[PDB]
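By convention in this document, chain letters (A, B, ...) are assigned in the order of the sequence lines, proteins followed by strands, and residues within each chain are numbered from 1.
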Amino acid sequence: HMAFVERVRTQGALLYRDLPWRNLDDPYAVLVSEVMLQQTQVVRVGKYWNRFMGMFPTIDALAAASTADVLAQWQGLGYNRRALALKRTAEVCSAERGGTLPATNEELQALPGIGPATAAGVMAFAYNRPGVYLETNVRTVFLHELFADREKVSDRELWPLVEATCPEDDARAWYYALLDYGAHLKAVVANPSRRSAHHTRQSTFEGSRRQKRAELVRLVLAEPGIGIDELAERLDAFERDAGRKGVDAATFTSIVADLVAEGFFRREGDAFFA
DNA sequence: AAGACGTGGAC
DNA sequence: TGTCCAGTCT
Ligand SMILES: [Cl-]
Ligand SMILES: [Mg+2]
Ligand SMILES: [Mg+2]
Ligand code: NA
Ligand code: NA
């Protein structure tokens, strides 16, 4: 058999993936890839990252862009709050940080859309600085290798082992190896993350509130100035064309109130504008 | 904490 | 080929 760090390093060399956002120095380009990767497959991110970088090449450029343009670029990646939080982070850094991202984990975690994993990822991948980077692939490796016989294991139990095994001067290459080995394990054995205490599944997407959330934002993006009642008519048309029934008035008004509060579009009179 | 929050790639 | 599943925030 093989000790843990040697299994990871050798597997990482065997499995290395030459992804476009790897081995970059620009923390902003790395941040965009990491936000895009949250709960989203590498192959999808590959279809968006280069295009997004071309349209918004810097923190300052993303800050200056219209929110509608950023949302348009995001459509299809899902979990669209990420687009707003990423743009907000750019706006904060443009106005307060001279157009640059911070270079400590704590300061990165203070920014919208950047939790512990994205913060550690930016520090490791952009700055080659060590930290605890625990996402689905790393979780899978540690569950498979160090918790082989355990039915359910919390991230609390994994955290000290991820911390202890991160090399001081090689974090970027180490976490690429964990990412690549984890994705491999997810293909060749029963997904080890099923033994995570936090393993869950979402509600049915068809007919769901979040399906309507995403449609409503697309309808407003497509039609600046759309009236509030017209928006309801168009949502109902989409639902019926998809085979579902009309949306009840309470649900329509509640979802729209949520989307305005979150910043996807604004109300001007009775009309909506992204 | 648990649970809200998209949707397309792999099999 | 319908099912599984690829972090942040409160
Ligand atoms: Cl729902
Ligand atoms: Mg944050
Ligand atoms: Mg589904
Ligand atoms: Na713009
Ligand atoms: Na598998």
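Under 3.5 Å, the side chains of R139(A) and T136(A) contain no donor-acceptor pair of N or O atoms. Side chains of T104(A) and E107(A): a donor on one and an acceptor on the other come within 3.5 Å. For the 3.5 Å distance criterion, the side chains of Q39(A) and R82(A) fail to qualify, holding no donor opposite an acceptor.
A distance of about 23 Å separates the P atoms of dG7(C) and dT3(C), rounded to the whole Å. Only the P atoms considered, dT8(C) is 22 Å distant from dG8(B), to the nearest whole Å. A gap of 15 Å separates the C1' atoms of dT1(C) and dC5(C), to the nearest Å.
Cation-pi contact between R22(A) and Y176(A): present, with separation from the ring centre below 6.0 Å and deviation from the ring axis of at most 45°.
The nucleotide whose nearest atom lies closest to any side-chain atom of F205(A) is, among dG9(B), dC5(B), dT7(B), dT7(B). Minimum atom distance to the side chain of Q39(A) is reached by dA6(C), of the listed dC4(C), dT7(B), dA6(C). If you check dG6(B), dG9(B), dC5(C) against the side chain of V43(A), the one that comes closest is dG9(B). Nearest to the side-chain atoms of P116(A) among the listed nucleotides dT8(C), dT7(B), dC5(C) stands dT8(C). Proximity note for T118(A) (side chain, C-beta onward) versus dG6(B), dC5(C), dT8(C): the nearest is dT8(C).
The distance between atom CZ of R82(A) and atom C1' of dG7(C), rounded to the nearest whole Å, is 9 Å. Here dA6(C) presents its P atom at 16 Å from CZ of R201(A), a figure rounded to the nearest Å. Regarding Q202(A), its CD atom lies at a distance of 14 Å from the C1' atom of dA2(B), rounded to whole Å. We find that CZ of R210(A) is positioned 19 Å from P of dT8(C), with the value rounded to whole Å. Between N191(A) atom CG and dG9(B) atom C1' there is a gap of 15 Å when expressed in whole angstrom units. Here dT8(C) presents its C1' atom at 9 Å from CZ of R81(A), a figure rounded to the nearest Å. Rounded to whole Å, atom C1' of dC5(B) lies 14 Å from atom CG of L77(A). Taking atom OH on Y48(A) and atom P on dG6(B), their separation rounds to 14 Å, with Å as the unit.
Heavy-atom contacts from other residues, nucleotides or ligands closer than 6.0 Å to CD of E6(A) number 12 or fewer. Heavy atoms from other residues, nucleotides or ligands lying under 6.0 Å from CZ of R51(A) number more than 12.
Judged by distance alone with a 3.5 Å cut-off, a donor-acceptor contact links the side chain of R44(A) to the base of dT7(B). Between the side chain of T40(A) and the base of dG6(B), at least one donor-acceptor pair of N or O atoms lies under 3.5 Å. Taking only distance into account, the side chain of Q41(A) meets the base of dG9(B) through a donor-acceptor pair shorter than 3.5 Å.
In the region residues 133-140 of chain A, proximity to DNA chain C at under 4.0 angstrom, judged on heavy atoms, holds for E135(A), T136(A).
Within the 4.0 Å cut-off from OP1 or OP2 of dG6(B), at least one side-chain nitrogen or oxygen of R213(A) is found. For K47(A) and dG9(B), the shortest distance from a side-chain N or O to OP1 or OP2 is below 4.0 Å. Contact check, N80(A) against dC5(B): no side-chain N or O comes under 4.0 Å of OP1 or OP2. In terms of phosphate contacts, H199(A) brings no side-chain nitrogen or oxygen within less than 4.0 Å of OP1 or OP2 of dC4(C). Between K186(A) and the phosphate of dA6(C), there is a side-chain N or O to OP1/OP2 separation shorter than 4.0 Å.
The side chain to side chain donor-acceptor pair (under 3.5 Å) with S193(A) is formed by just one residue from the set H144(A), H198(A), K186(A), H199(A); it is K186(A).
Here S203(A) lies out of heavy-atom contact (under 4.0 Å) with every strand. Here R194(A) lies in heavy-atom contact (under 4.0 Å) with sugar-phosphate atoms only.
Although no hydrogens or angles enter the test, the distance criterion places no donor-acceptor pair under 3.5 Å between the side chain of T204(A) and the main chain of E206(A).
The shortest side-chain heavy-atom distance between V162(A) and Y175(A) falls under the 4.5 Å cut-off.
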